[PDB]
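Okay, so here's just one chain, in structure tokens, the form deposited in one PDB entry.
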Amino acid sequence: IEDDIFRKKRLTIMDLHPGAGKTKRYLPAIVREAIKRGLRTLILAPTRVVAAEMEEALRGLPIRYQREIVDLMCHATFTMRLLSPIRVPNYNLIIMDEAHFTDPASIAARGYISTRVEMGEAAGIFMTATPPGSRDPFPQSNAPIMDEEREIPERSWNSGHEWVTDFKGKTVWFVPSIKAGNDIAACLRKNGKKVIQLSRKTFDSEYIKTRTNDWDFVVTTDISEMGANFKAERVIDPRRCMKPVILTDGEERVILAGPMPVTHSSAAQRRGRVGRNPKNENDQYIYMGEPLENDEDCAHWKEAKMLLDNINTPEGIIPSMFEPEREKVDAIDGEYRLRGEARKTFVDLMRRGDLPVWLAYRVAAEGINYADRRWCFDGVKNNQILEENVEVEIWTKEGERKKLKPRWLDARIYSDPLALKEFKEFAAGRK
């Protein structure tokens, strides 16, 4: 912490290995210095959980979470209210915790902050264990970690994989999907194991659970790679994941690329769950397969450009992407900017609709109104959704019973139980 890190026109990439206490120690130090300077400061957390925690963790210092000089909120919220018609404070300093989150809003925020410091309006700080360009799945830890490759059951073993159920203590198992999660979680319970499952839609409500001591396994997905900790001694990481891809053939649509190798940084973040307390020396990272920097075509990059394009700084300038991420998207900085009314629908479709950026963008760009759900049923024959080979049908609030075949198809809308239940409520016009 210098006196340069706060100087406007500065963007500091605070690279600290997992456990360096970027949150518990560095943050308060920085926020403390911020206040002493009168700087209007914004603190961005990855999730609301990590936000709420940071709050009690920043006792005494004058902060307003989401009269006081420093605000604190989460990536999603920030970029979402950047999309809104109301201006955001002209913050002098902006601290983005875990600035490696590749979800659309995180990438957009990063680009917005990037722009603010370039325009010289502010000084920003990105804290992350895996800065842009990290290519080491085995970063240093605070304690020894036994890295051992092994054959990790992907579905649910029927009779033999003893190392996994005999383990002494707590395990955190990173699974590629909720489908995979459920099968494995189910299996573990069969073997008398209390299991906690986490996912993007479940995190902020089921995560607190891991703070009790009665759980043997935590079956989770990507989000746990974003500011999430567990009193675990062993991480199981098959190093697999799903990737939304915008297929251009047939008709543009979003597909969920079959289970594929995770990124190098992801492997690190996952492994980062252990080797935390220099006390324990028996932490272990069981893994399978190898990383791969194969993600140039992940929908998120374009989805973030969609968000950024509809963001406006106090002046009529549109935010650029963060430099190390500009290559990801090939558009022009104005490409996806919508006009007044359509843009508000774009936001409603995201905030109230709970629809993916892409899907929300398509519907809005088509001049459709938020409450018009006709598009949920007038898509081509190919866009029919089948739950169990059986054609899903909706009972609209209009008493009608229509089949579910959206004009625009996005796998994230039906690829998992919670997703489909929600989207059905949407086509039903009950949202």
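Start at 1 with the first residue shown and count on from there. Under this definition, the rigid core comprises the largest set of C-alpha atoms superposing within 1.5 Å between the forms.
In what follows, reference is made to the form deposited in another entry, a form of this protein that is not presented.
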Core-superposed C-alpha of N90 shifting 2 Å or more between this form and the one not shown: no
Threshold 2 Å Cα movement between this form and the one not shown at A20, rigid core reference: yes
Core-superposed C-alpha of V380 shifting 2 Å or more between this form and the one not shown: no
